[PDB]
């Protein structure tokens, strides 16, 4: 099969795979992604940093063969596993069948992970590594740095001292499938928005660890030496500081003035309420997004919550409880824990036909999710003009509060 490797420095090649067709990656929507694997070529040997999703071996392999072609090398000598997740380890056993001599390099925890996933790796040689440990390839040294919970217990970064490339696994990744491999080669909106989404859905609960890990990279004195950041998804950062600055901002809760309005509805009244709240917030010169849970994915919603100082979540009440779709978002938000960056303000609202109770349940679940809920707007059936005025007011107050 014909697929070319892409040279990113002297002796360092991208040799991953392009997944044009992926549209839904475990409850995360996208327009394709890539699985980035990299081949590092020293004097004495070559290392393969990560691999790809199962079934994609032929493509990965064509690319490494092409890169072994150009450097005049014979084989992969070392297989590095930054991370155990399926999309980066999925062809590890094909790799081990193709290069029988090559040890697998990973953290002590990852070896349990890897043996659980693919038991046929029972008599593979595993070299355990921890922070500080080095792999010398000849004029090229690989330094390992353990990153537990960023984003899994098993994970680590590999650093290549001479080229200043940080191989970061999921960290700094973005889900985008372009023919261009570098950050500077595509629209920056598209780049930064995919990066933002990745952060909102995957890094948000890790935010404090993100910050501390920045310090520990600084304390070891490794930030000066970082000239390129090569994650396992999406674009390679030829401007590492662009994304580090963005991650720092997201982790410390920066945000411009913005209210995210989220709702569901059966008969429209809560929709009417949602609209008036949006108008109110709009009156204060604040940015305003409106989401409907019947239509909109939670990964797209959460991407805006990240850049929002406040939200308004509304739903009608059915048999004492909120409309169930709201239960999906709130469970997700209880995992993501936005309070770890910023305790965002929240308005809770809805229409109801009797005793109600949707606003009560949403309050509790918003609190446990780390939102500060002040006031609610509860309407009996279709809101009158004056009731829609009160939603306008609530919308405006919420916005003024975060100005």
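Residue numbers count along the first chain shown, from 1.
J.: Is the mean CA B factor in the deposited entry higher across 88-96 or across 216-224?
T.: According to the PDB entry, the answer is 216-224.
J.: Would you tell me which stretch averages the higher CA B-factor in the PDB entry, 146-154 or 126-134?
T.: If you average the C-alpha B-factors of 146-154 and of 126-134, the larger mean comes out for 146-154.
J.: Considering every modelled residue of the chain and its Cα B-factor in the PDB entry, is residue 115 in the lowest, middle or highest third?
T.: Middle third by C-alpha B-factor.
J.: Lowest, middle or highest third: where is residue 291 by C-alpha B factor in its chain?
T.: It belongs to the highest third of the chain when residues are ordered by C-alpha B-factor.
J.: Sorting the chain's modelled residues by C-alpha B-factor, tell me whether residue 303 ends up in the lowest, middle or highest third.
T.: Lowest third, going by the recorded CA B-factors of the chain.
J.: Comparing against every modelled residue in the chain, figure out the third that the C-alpha B-factor of residue 17 lands in (lowest, middle or highest).
T.: Within its chain, residue 17 is a lowest-third residue by C-alpha B-factor, going by the deposited values.
J.: By its CA B factor, does residue 195 count among the lowest, middle or highest third of the modelled residues in the chain?
T.: Residue 195: CA B-factor falls in the lowest third of its chain.
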